[PDB]
Structures are given as C-alpha cells and as structure tokens.
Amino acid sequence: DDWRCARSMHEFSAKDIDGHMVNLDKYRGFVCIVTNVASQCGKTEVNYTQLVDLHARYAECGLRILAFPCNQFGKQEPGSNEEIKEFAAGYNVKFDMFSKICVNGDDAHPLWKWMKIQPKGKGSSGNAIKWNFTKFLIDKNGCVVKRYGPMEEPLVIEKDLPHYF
C-alpha cells in the first residue's frame, strides 16, 4: 500500500473536527503528539487534562497536539464531531481536534497505518492500537520518535520533549 512508502507525517492529510482538510506538512518544524481520543473512557479525564497542561506549557517551545476521536475501543466515542468538539472545549482544549476516524483495520486512517510500523512506532506485541489514548511523538521532520501506551499518562512524555525541540 501507498502509505507504506511515506517518509514523514508531513506527506499525509486529515479532516479536522470542523470538516476542513489539513495537510500535515502544516506541522513541519513543530514537535507533535498524535493521539487517539475518546469521551467515555476511564482515562479520558487524566489524558485530556494532561494534554492541555503540556500544550499550555510547551506550545511556545513548538509543541503541537493532534487529537483523533476514535470509537473502536468499547465504543467510548459514540458522539458527533460537533459533540466531541464541545466536549473537548470543556477541558479548555486549544490544540488541534480532528474528525472521528478508525486507527485499526482496512479503513484505518493512512497516517495511523503508517505511524504504527515506524521503526520507533512499533508496539509491544504487534503494532495494533490497543486502546483509547495511545500517543505517538513526532519530531520536527515528521518522523515517529516514540510511542506511549494508553497506560502512560501524557506527563510521562514531558521528560523526552527536550530531545526533539
């Protein structure tokens, strides 16, 4: 498949939560967390609060966050893009919200197919996204430099950011 030959996050596009196509070369020169989100997960509150905390404190350093709603995990993102955006606003989210997608399967977003086979994007037992709130860390070149699991609170990520800024 074509997404398999991609070199960078910056070769992909995705529909934002308003429905506008974003070319992800927009993020060239920025360090990015790309994460799959859900509104009705045991981990929704810590992930959203800690992603907003990291964006507040490192946006000025060049941190950007891309949140992808995904309903594939206990169906914990059943809402519309409208409802999910309002939900996010509730956490004072000022980072980039995207339209709801699949991250696993034939219809997985090609960025999500690509990230999960990156030399530094490999998972622990196969590459499938295992639950809500997986985080990939993307360098200023759009290369995947770390994957953190659903069990790894986003502030876990703070210690590695200075390596990529």
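Just count from 1 along the sequence shown to find any residue number.
Participant: Mean C-alpha B-factor higher for 95-103, or for 117-125?
Facilitator: Per the PDB record, 117-125.
Participant: As stated in the PDB record, which stretch has the larger average Cα B-factor, 138-146 or 5-13?
Facilitator: It is 5-13.
Participant: Lowest, middle or highest third of the chain for the C-alpha temperature factor of residue 155?
Facilitator: Lowest third of the chain for residue 155's C-alpha B-factor.
Participant: Please rank the C-alpha B-factors of the chain's modelled residues and tell me whether residue 44 sits in the lowest, middle or highest third.
Facilitator: Answer is middle: the recorded C-alpha B-factor places it there.
Participant: In terms of the CA temperature factor given in the entry, to which third of its chain does residue 29 belong: lowest, middle or highest?
Facilitator: CA B-factor rank for residue 29: highest third.
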